[PDB]
Amino acid sequence: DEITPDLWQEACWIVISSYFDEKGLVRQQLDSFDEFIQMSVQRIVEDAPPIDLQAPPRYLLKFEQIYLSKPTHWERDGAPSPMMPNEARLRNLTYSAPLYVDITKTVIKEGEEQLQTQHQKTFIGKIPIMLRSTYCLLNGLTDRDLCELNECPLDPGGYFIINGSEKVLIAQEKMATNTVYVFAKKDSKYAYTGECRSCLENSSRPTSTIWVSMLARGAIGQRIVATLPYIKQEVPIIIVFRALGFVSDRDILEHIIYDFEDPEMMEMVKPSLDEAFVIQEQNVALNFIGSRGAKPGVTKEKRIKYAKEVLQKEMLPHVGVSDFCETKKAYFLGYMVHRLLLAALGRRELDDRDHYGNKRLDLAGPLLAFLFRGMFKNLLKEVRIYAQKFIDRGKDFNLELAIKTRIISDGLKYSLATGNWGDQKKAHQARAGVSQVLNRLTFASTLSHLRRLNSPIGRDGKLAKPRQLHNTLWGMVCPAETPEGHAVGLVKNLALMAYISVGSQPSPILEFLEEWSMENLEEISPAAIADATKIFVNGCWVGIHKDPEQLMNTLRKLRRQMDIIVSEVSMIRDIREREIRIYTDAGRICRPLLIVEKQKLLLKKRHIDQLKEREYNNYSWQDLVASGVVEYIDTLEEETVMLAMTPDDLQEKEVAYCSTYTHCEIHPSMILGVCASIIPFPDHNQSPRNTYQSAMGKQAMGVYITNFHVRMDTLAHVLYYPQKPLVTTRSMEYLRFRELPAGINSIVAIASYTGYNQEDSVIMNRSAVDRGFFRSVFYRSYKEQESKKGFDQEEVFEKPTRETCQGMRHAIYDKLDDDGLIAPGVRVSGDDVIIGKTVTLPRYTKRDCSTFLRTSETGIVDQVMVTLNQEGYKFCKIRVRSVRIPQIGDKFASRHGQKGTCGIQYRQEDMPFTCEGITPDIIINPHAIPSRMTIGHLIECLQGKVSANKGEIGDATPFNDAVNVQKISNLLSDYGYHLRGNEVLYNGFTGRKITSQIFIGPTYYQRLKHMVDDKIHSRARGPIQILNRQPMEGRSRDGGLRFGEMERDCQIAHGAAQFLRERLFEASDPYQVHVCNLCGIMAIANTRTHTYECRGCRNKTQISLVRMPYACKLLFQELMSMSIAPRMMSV
Amino acid sequence: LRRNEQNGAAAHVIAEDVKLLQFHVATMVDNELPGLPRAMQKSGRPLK
Amino acid sequence: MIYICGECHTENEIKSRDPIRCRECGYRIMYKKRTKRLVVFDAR
Amino acid sequence: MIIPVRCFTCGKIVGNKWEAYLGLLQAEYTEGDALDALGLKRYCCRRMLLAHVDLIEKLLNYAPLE
RNA sequence: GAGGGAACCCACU
Ligand SMILES: [Zn+2]
Ligand SMILES: [Zn+2]
Ligand SMILES: [Zn+2]
């Protein structure tokens, strides 16, 4: 039976709860890593060619079968142990699993049979393991087993541990491969250009890009040329077709123009035929191609081989790379030329770069596969060099000594540790920030960082189009969550039900198409192409079909029952262009949609009833997918579907605005991401305020993880009393915000009281703050280790002695124990030693290199942990705890972009009060509201008053007609309050009623990480830089502030020349030099002996003292190093 | 190159040493000039 | 001095330059004792 | 993490009410009736118990170092 | 009574 509209909200949140019970939130990272480990590593090992080596004896090395173990640790003893993630985090280990491989070495001598050596399970490096993946040791463990291992069961996984640091792989956007995209290059010689970044499927190789372009009108006619890989000049397209093996113009035009009764395509291909008439043979065309190669060979036959290698191996690898597969390549190149002509005629629209179905998302799988492909090539190269050396002069080589496991191990470790995605010696020419340190300030920040997408377009670009919120981002990318500043629009976040496809083999779909009446390209005359539908499988034109509608019906029926076609395969029928494109590759972002047949949902009450007992029936989300009820639609397929926003669009009368709905949104509020789903009433706010809250929800202090006592993070922040919001969204039930909340429901009165809340400020209740309101804990970890940097050098944790250690920092050392480490529970201040480390000097046999506490960061040593690092030295980590009571200048934000620092704190007797004696916890200014139009803040406050009076958690799902401001007002008036949330407040100071009535009620506030005590900084005089002798950088180094160029301009406009001289000369770097009065060069001055001598002039009396900045002296000496003579003349 | 001119040496090795000296002096002054490889520290980072 | 083993909850005497290993279970992560010094908290 | 001793706004004792509130909720009370039975009349005291997340129970599932 | 630089990333106004 059909789901009634009164049960629809409950049913749709049931199916959403089923989806998040199965998939979770970091499914894309785990799925990509599992595909990389299970399939991509073995495929990379296979596609690597066997090593053939001759001096002579012949040696053939063939890598056959990989073996991956579980993550094990080997200490200096050498006994393996099951290495746990907390052990990796605490001991600064890399959570990696050893990768073995089966190698076969065959020996081919002269007059001797082949000899087989089976080197089974040969260790070739260590693969870092994503947490909670298949090969992690936490896989399949219950929550009790995770708690017994000191792991948080709410922790999502999806990250790596590299040297004890948690690293997340940000997903990387790229243009889709194997797809023809025609653009119009502006201000160039090309009117239009077709582009195909061709990459061969089932393999990890770089993408070869071909440009089939057309020259501009400004030339008798406009001609089509081809820019091929490894070819320096542009080649006319008819020459490429002739070199492919088709000399006649009729065959080339049959490959290009499918309907010969179309004269304008003939008119536009006329100039290319006229240009390339002088070549008429395949070998002459191959000669013309090879004449413009990377290195043109002197032998014509060498040019023929090079041109054939370019046209076969490097021209469109996806349609075919083997021998005698040139007709498929010719049909694809003709299709590219046909698309170019269609764009030239205006008969087909130009492709959109920002269209997000033209983009793929490289997740951890593809990125790690690219790395491992390069490094396995490097490992085979080094094995080849070693075995070549020991077959050249010697006769035999040991294979276990040939393999350098440091290559794979340290390359993966380096690229995951630094984020530079490439090689260590080529860091400047590799993409950076692919791997980032995982944000652990809030659980919401952890989730948002684990579901983070990145456009690798430079942030210095001032064009707006990649930063714009495209239409095709609906349901795939959160429209609110983007950073502010240089990375706006470029860094994106996943929507909650968005899933990035993991990849599949096209072989079942290809076989099914072969015997479902699709005729191949090799077996058809071109005359049949004009009326038939071209079929593309992963961008490979494989054939044509005469009945495309029943073919798409059959394909959808197969995918909906999880037959031959798997669920993540995208199938798009371009009906107007007569094309069917089937995509199975990875990186396609999709989302599940309810299937609608004849204005009725296929989701019935039986599915909802079965899902209500998910843990009884064993009915899950995957059963709902297999039932043909929901299906995953990606961005390219979504451009052909007809979405009902709600089932109310289906059950509509005579003018439903559409009678051909194909899909229905499960819930529209699922278009938001993790951080935008905690906003209550987001559709009542201005959109930049939702963006600002999506930014600040990652800076909100709560309880970031459950096992924070085990962890020693460098920066950690724990609220005393985090509360779940009184006004929640239903999407917050799957972000675990009810279990790890970040904030407190606060009685907020929006009023102007004493003027101390003006310009985005809040007044806090000091009496509330005394009771623990928004009190937090700051944890800081300090790491130190003994290191044997040489035989004589020996750092050691010792309690130092004043008459024995060189160069102490005049501090106390009594709080250290005699192991050199401070004890837990000891109060520490900014000038205190917490780790006493001395290094032996090669009577002061050792000097002080003790670890000091960061200045002005008073606190108490919470924990001290002693362990062994990777290379077996003593390693200490000390967590110091400091209690942060809310202060004037601490940043606080509601969930609506209402950031603001605390301006003052009043006690309970000074704050305004209601007739019940309720004082606000926070008073905010009214003027924060009108220009912002954060009406969702007011509705959250009203709904929270209703929720706290009724004893319930208010629902603030965005698009909900059951919740209305009038309904909340009537509910509030039912509880003895004014219906609009106003109350009569009395002045705290005088007791008189405030003439206006104050809006007051519970609103969820967040304590942001930005305390004033982490930012207050003054310098009188102190440390200076070595080179320019100017003050240092930042409060952490007791540095000075920069009196920059704009400040210099402002003080010029003020006319204050002596203040300008004070700031830029004698508050930064005074210096005195002695210059010759004749040559103007700095002289040699001995101030002790009064010997002022100038070499180059024989001058010992015409020397003058000049006061200049030290940076100006350094500038003049640098100029003299550049053979410039800056001569300071005192006349 | 002092060694290669104090004792006898070929013209081409002297020209190659002159080329290397010219490259080193130019990259001491200007390390971001186009057309030539950048002078790099052994860690792979270029020199300043 | 006395370090608690992270896994087996037992206290162990460790001298200087002794490798940090639990004599019971061979666990390499160990924690210092809470100090005996007298620390006063205002109850605020 | 644990129930606050005082209501933040007014300072009424709510630290002795969390287990009683959980027992009332286990006894099929609604949340509003459970709050009314405990004498929490002001909504400032009601947000103490209504919005409390008792994280200390899940913290007690970890084996203690000390 | 004060001994590194560089690179990259995140964030703030
Ligand atoms: Zn002179
Ligand atoms: Zn132990
Ligand atoms: Zn109260």
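What counts, and where the lines are drawn
Residues numbered from 1 in each chain as written, not as in the entry; some residues may be left out. Chains lettered and ligands numbered in written order. Part of a larger assembly, values for the part shown. Heavy atoms only, no water. Residues with missing side-chain atoms left out of burial classes, pairs and counts. UniProt positions renumbered as here; feature names shortened; annotations may be inferred. Donors = N, O, S within 2.8 Å, 3.2 Å for Na, K, Ca; no water. Buried < 20%, exposed > 50% of the residue type's maximum accessible area, 1.4 Å probe, protein only. Helix = DSSP H or I, 4+ residues; strand = E, 2+ residues; numbered from the N terminus. Contact = heavy atoms within 4.5 Å. Tetrahedral: all angles 85-135°; square planar, octahedral: opposite > 155°, others 65-115°. Polar contact = N/O pair within 3.5 Å; in protein donor to acceptor, adjacent residues only side chain to side chain. Buried area = accessible area lost by both parts, 1.4 Å probe. Salt bridge = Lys/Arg side-chain N within 4 Å of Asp/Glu carboxyl O. Nonpolar A, V, L, I, M, F, W, Y, C, P; charged D, E, K, R; others polar. Near = heavy atom within 4 Å.

Readers searching the PDB will find this entry under the title "Structure of the mammalian Pol II-SPT6-Elongin complex, lacking ELOA latch (composite structure, structure 3)". Quoted verbatim from the Subcellular location (unreviewed entry) field of the UniProt record, the comment on chain D reads "Nucleus".

With the PDB entry as reference, chain C is termed RNA polymerase II subunit K, source organism Sus scrofa. Here chain C is described in UniProt, under the heading Function (unreviewed entry), as follows: "DNA-dependent RNA polymerase catalyzes the transcription of DNA into RNA using the four ribonucleoside triphosphates as substrates. Common component of RNA polymerases I, II and III which synthesize ribosomal RNA precursors, mRNA precursors and many functional non-coding RNAs, and a small RNAs, such as 5S rRNA and tRNAs, respectively." Taken verbatim from the UniProt record of chain C, the Subcellular location (unreviewed entry) comment is "Nucleus, Nucleolus".

Caption draft 1: Fine view of the coordination of the zinc ion (ligand 1). Residues and elements named next belong to chain A. In this structure, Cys1076 (SG), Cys1079 (SG), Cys1094 (SG) and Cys1097 (SG) serve as the protein donors to the zinc ion (ligand 1), at separations of 2.3 Å. Using a relative accessible area of 2% as the deciding quantity, one classes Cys1094 as buried. A relative accessible area of 27% places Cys1097 in the partly exposed class.

Caption draft 2: Seen up close, the UniProt feature "binding site: Zn(2+)" (unreviewed entry) in chain D. The UniProt record marks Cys7, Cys10, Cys44 and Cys45 of chain D with the feature "binding site: Zn(2+)" (unreviewed entry), using the residue numbering of this structure. Spatial clustering of the annotated residues is evident: they stretch over 39 residues in sequence, but the largest pairwise C-alpha distance comes to 7.7 Å. Mapped onto the fold, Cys44 of chain D is located in helix α3 (residues 43-50). Discounting residues that sit within four places of it in the chain, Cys44 of chain D has contacts with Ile747 and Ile918 of chain A together with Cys7, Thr9 and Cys10 of chain D. When near neighbours in sequence (up to four residues on either side) are disregarded, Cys45 of chain D contacts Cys7, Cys10, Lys12, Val14 and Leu40 of chain D.

Caption draft 3: The arrangement of the coordination of the zinc ion (ligand 3) in detail. Residue and element names in this part refer to chain D. The coordination sphere of the zinc ion (ligand 3) contains the protein donors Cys7 (SG), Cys10 (SG), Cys44 (SG) and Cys45 (SG), at a distance range of 2.3 Å. Relative to the metal, the 4 donor atoms surrounding the zinc ion (ligand 3) lie at angles of 99 to 117 degrees, and the coordination shape comes out tetrahedral. Sequence positions of the residues that donate to the zinc ion (ligand 3) give the spacing C-x2-C-x33-C-C. Of this pair, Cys7 sits in the segment before α1 (18-26) while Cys44 is found in helix α3, placing the two residues 37 residues apart along the sequence. For the pair shown, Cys7 and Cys44 are each scored as buried.

Caption draft 4: Up close: the UniProt feature "binding site: Zn(2+) 5" (unreviewed entry) in chain C. All names here are of chain C. In the numbering adopted here, UniProt assigns the feature "binding site: Zn(2+) 5" (unreviewed entry) to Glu24. As for its placement among the helices and strands, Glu24 is situated in the loop between β2 (11-13) and β3 (30-32). By relative accessible area, which is 56% here, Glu24 ends up exposed. Discounting residues that sit within four places of it in the chain, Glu24 has contacts with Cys8 and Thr10. Here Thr10 takes part through its side chain, which lies 3.4 Å from a polar atom of the side chain of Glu24.

Caption draft 5: Representation of the interface of chain D and chain A in the model. Each side of the interface is counted separately: chain D has 30 residues, and chain A has 51 residues. Summing the contributions of chain D and of chain A, the shared interface buries around 2,900 Å²; its carbon and sulfur component is 63%. Broken down residue by residue, the surface that chain D buries against chain A is led by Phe8, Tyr43 and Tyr62 of chain D, which jointly contribute 30%. At the boundary of chain D and chain A, one finds 1 salt bridge. As a salt-bridge pair, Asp921 of chain A and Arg47 of chain D come within 2.5 Å of each other at their nearest N and O atoms. The interface formed by chain D and chain A contains 12 residue pairs in polar contact. Breaking the side of chain D that touches chain A down by element, the ones donating at least two residues are α2 (31-37), α3 and α4 (56-59) of chain D. Looking at the side of chain D that touches chain A residue by residue, the class counts come to 19 nonpolar, 5 polar and 6 charged.

Caption draft 6: Here's a closer look at the protein's contact with RNA strand E. All names here are of chain A. Lining the immediate surroundings of RNA strand E are 13 residues, of which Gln699, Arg809, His810, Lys891 and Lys899 lie closest. Of everything in RNA strand E that lies within 4 Å of the protein, sugar and phosphate atoms constitute 56%. Between RNA strand E and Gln436 there is a distance of 3.3 Å, counted from a sugar or linking oxygen to a side-chain nitrogen or oxygen. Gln699 has a polar side-chain atom sitting 2.7 Å from a phosphate oxygen of RNA strand E. Of the residues that constitute the surface near RNA strand E, the class distribution is 3 nonpolar, 5 polar and 5 charged.

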